[PDB]
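**Student:** So the first sequence is numbered by this note's numbering: it starts at 139 and just counts up by one.
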Amino acid sequence: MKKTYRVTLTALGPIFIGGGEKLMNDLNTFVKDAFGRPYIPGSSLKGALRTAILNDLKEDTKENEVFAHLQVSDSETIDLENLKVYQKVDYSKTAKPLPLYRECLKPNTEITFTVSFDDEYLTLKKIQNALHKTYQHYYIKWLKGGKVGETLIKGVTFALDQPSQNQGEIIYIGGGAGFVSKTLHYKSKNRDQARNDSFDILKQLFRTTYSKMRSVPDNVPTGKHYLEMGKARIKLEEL
RNA sequence: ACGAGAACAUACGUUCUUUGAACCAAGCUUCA
Numbered sequence: 139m140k141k142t143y144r145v146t147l148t149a150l151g152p153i154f155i156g157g158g159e160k161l162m163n164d165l166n167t168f169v170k171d172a173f174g175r176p177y178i179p180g181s182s183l184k185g186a187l188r189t190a191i192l193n194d195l196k197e198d199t200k201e202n203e204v205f206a207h208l209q210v211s212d213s214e215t216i217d218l219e220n221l222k223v224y225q226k227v228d229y230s231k232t233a234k235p236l237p238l239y240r241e242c243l244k245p246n247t248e249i250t251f252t253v254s255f256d257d258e259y260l261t262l263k264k265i266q267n268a269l270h271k272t273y274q275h276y277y278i279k280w281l282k283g284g285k286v287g288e289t290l291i292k293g294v295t296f297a298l299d300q301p302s303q304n305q306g307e308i309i310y311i312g313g314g315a316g317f318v319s320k321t322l323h324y325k326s327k328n329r330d331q332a333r334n335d336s337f338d339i340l341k342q343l344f345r346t347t348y349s350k351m352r353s354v355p356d357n358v359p360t361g362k363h364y365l366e367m368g369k370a371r372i373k374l375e376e377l
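(1) Taking all protein chains shown into account, do 16 or more other C-beta atoms lie within 10 angstroms of the C-beta of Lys279, making it buried, or fewer, making it exposed?
(2) According to DSSP, what are the bridge partners of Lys222?
(3) Measuring alpha carbon to alpha carbon, tell me which residue in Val286, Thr247 and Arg175 is nearest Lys350.
(4) Can we say the stretch 294 to 313 touches the stretch 330 to 344, given the rule of at least three CB pairs closer than 8 Å?
(5) Which residues share a DSSP beta bridge with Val227?
(6) Evaluate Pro152 with the Cβ neighbour count: other Cβ atoms within 10 Å of its Cβ, from every protein chain shown; 16 or more gives buried, anything less gives exposed.
(7) Roughly how many angstroms separate the alpha carbons of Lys184 and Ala190, rounded to a whole number?
(8) When you compare the CB positions of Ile372 and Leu208, do they come within less than 8 Å of one another, or not?
(9) Ignore the nearest five residues each way along the sequence and tell me which others in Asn357's own chain have a CB closer than 8 Å to its CB.
(10) Classify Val223 as buried or exposed, calling it buried when 16 or more other Cβ atoms lie within 10 Å of its own Cβ.
(11) By DSSP, does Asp212 sit in helix, in strand, or in coil?
(12) Determine the DSSP secondary structure at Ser254, reduced to helix, strand or coil.
(13) Does the stretch 257 to 274 come close enough to the stretch 228 to 239 that 3 or more CB-CB pairs lie under 8 Å?
(14) Run through the DSSP bridge pairs and tell me what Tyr310 is partnered with.
(15) Which residues bound the beta strand (DSSP E) around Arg329?
(16) Between which residues of its own chain and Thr167 is the CB-CB distance below 8 Å, once the five residues before and five after are set aside?
(17) Rounded to whole angstroms, what is the Cα-Cα separation between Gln305 and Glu375?
(18) On the DSSP bridge assignment, give the partners of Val145 in chain order.
(19) Tell me whether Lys369 is buried or exposed, calling it buried when 16 or more other Cβ atoms sit within 10 Å of its Cβ.
(20) Helix or strand or just coil, what does DSSP make of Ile155?
(21) Using the C-alpha atoms, what's the distance from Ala186 back to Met162?
(22) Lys170 by DSSP, collapsed to three states: which one?
(23) How long is the line joining the alpha carbons of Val145 and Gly293, rounded to whole angstroms?
(24) Taking just the CA atoms, how far does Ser319 sit from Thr360?
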């Protein structure tokens, strides 16, 4: 069928998709086009749908048969007045601005995408249930322990957004929203899998153990919002 | 004081006239 969609992202948090050209001043730069006008490349959305569908064992290989057909294009190109400076804060305990800043996209930015995919193995029947599955396990596998354990009253304007819509089609794109948003294997147990990836992570660095690892929300610059970043809403309409 | 003397097997004559090394064939597949 080649069912094309016009999906649109609205930003619940500050977002910074890599860039490569990146340097208390710490002046940063972002991915732009050749006209100096920012946009979001389609590989970010393809990685987000890789988190969505391929949440399984390590078969994410050149032998793959699903994601050669998922034809994600780029977006429309938005001017640079949709951009404010923001800060990095780690909400584990005693939340303080860490010295690692970024010039990033302003929240609630309307960006739209010409996303299409073939129907040989790919439908929205898969996308809907896979996104609800990944969202529900993003709470019940990692963030439920962050809700019940080592929780401070500063974070609870914050939207828990679980009674809102169970078919909300929510993804996570990689924008420095912790090293939990760049995962692939959460199936299907709670704490044995947690300690599994805990030694898998802690043989790559030197931290003393504590639960839970690293949750990175953000806020607004007195009005406060405690806006978690990395997540966005998607609509699915044809053409 | 030889069946012997003398006597170029020589002259003129394009290995030449025809015709495409063509047709068939995303540097692409998985990469936040």
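Here a beta-carbon is modelled for each residue, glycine too, at the ideal position from N, C-alpha and C.
**Tutor:** The short version:
(1) Within the first sequence, the letter at position 141 stands for residue 279. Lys279 comes out buried.
(2) Counting from 1 along the first sequence, the entry for residue 222 is found at position 84. Per DSSP, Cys242.
(3) Against the first sequence, residue 350 aligns to sequence position 212. The residue from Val286, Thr247 and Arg175 with its alpha-carbon nearest to that of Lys350 is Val286.
(4) Between the stretch 294 to 313 and the stretch 330 to 344 there are fewer than three inter-stretch CB-CB distances shorter than 8 Å, so the stretches are not counted as touching.
(5) Within the first sequence, the letter at position 89 stands for residue 227. Looking at the DSSP assignment, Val227 forms a beta bridge with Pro235.
(6) Taking the first sequence and counting its residues from 1, one reaches residue 152 at position 14. Burial call: buried.
(7) The residue given as residue 184 occupies position 46 in the first sequence. The residue given as residue 190 occupies position 52 in the first sequence. Approximately 9 Å between the Cα atoms of the pair.
(8) As a first step, residue 372 is located in the first sequence; it is residue number 234 there, counting from the start. As a first step, residue 208 is located in the first sequence; it is residue number 70 there, counting from the start. If you check the CB distance, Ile372 and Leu208 do not come in under 8 Å.
(9) Translated into the one-based positions of the first sequence, residue 357 becomes position 219. Cβ within range, chain order: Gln225, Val227, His363, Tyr364 and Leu365.
(10) For this step, residue 223 is matched to residue 85 along the first sequence. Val223 comes out exposed.
(11) The residue given as residue 212 occupies position 74 in the first sequence. Reduced to three states, the DSSP call for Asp212 is strand.
(12) Here residue 254 refers to the residue found at position 116 when the first sequence is read from its first residue. If DSSP states are grouped into helix, strand and coil, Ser254 belongs with the strands.
(13) Under the 8 Å Cβ criterion, the stretch 228 to 239 does not count as touching the stretch 257 to 274, having fewer than three qualifying pairs.
(14) If you number the first sequence from 1, residue 310 lands on position 172. For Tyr310, the beta-bridge partners assigned by DSSP are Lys369.
(15) Here residue 329 is taken as the residue at index 191 of the first sequence, counted from 1. Membership of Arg329 in any beta strand (DSSP E) is not indicated, and neither H nor E is assigned to it by DSSP.
(16) Within the first sequence, numbered from 1, the residue matching residue 167 stands at position 29. Taking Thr167 as the centre and dropping the five residues before and after it, the same chain places the C-beta of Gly157, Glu159, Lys160, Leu161 and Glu241 closer than 8 Å to its C-beta, in chain order.
(17) Translated into positions along the first sequence, residue 305 becomes position 167. Translated into positions along the first sequence, residue 375 becomes position 237. So the two alpha carbons sit approximately 14 Å from each other.
(18) Here residue 145 refers to the residue found at position 7 when the first sequence is read from its first residue. Partner(s): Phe251.
(19) For the purposes of this step, residue 369 is identified with residue 231 of the first sequence, where counting begins at 1. With at least 16 other beta carbons inside 10 angstroms of its own, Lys369 counts as buried.
(20) If you number the first sequence from 1, residue 155 lands on position 17. Three-state DSSP puts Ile155 in coil, outside helix and strand.
(21) Position 24 of the first sequence, counting from 1, holds the residue named residue 162. Position 48 of the first sequence, counting from 1, holds the residue named residue 186. Distance between the alpha carbons of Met162 and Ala186: 32 Å.
(22) Taking the first residue of the first sequence as position 1, residue 170 is located at position 32. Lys170 falls in the strand class under three-state DSSP.
(23) Stepping through the first sequence from its first residue, residue 145 is reached at position 7. Stepping through the first sequence from its first residue, residue 293 is reached at position 155. Answer to the nearest angstrom: the Cα atoms are 31 Å apart.
(24) Within the first sequence, numbered from 1, the residue matching residue 360 stands at position 222. Within the first sequence, numbered from 1, the residue matching residue 319 stands at position 181. Going by C-alpha positions, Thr360 is about 30 Å away from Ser319.
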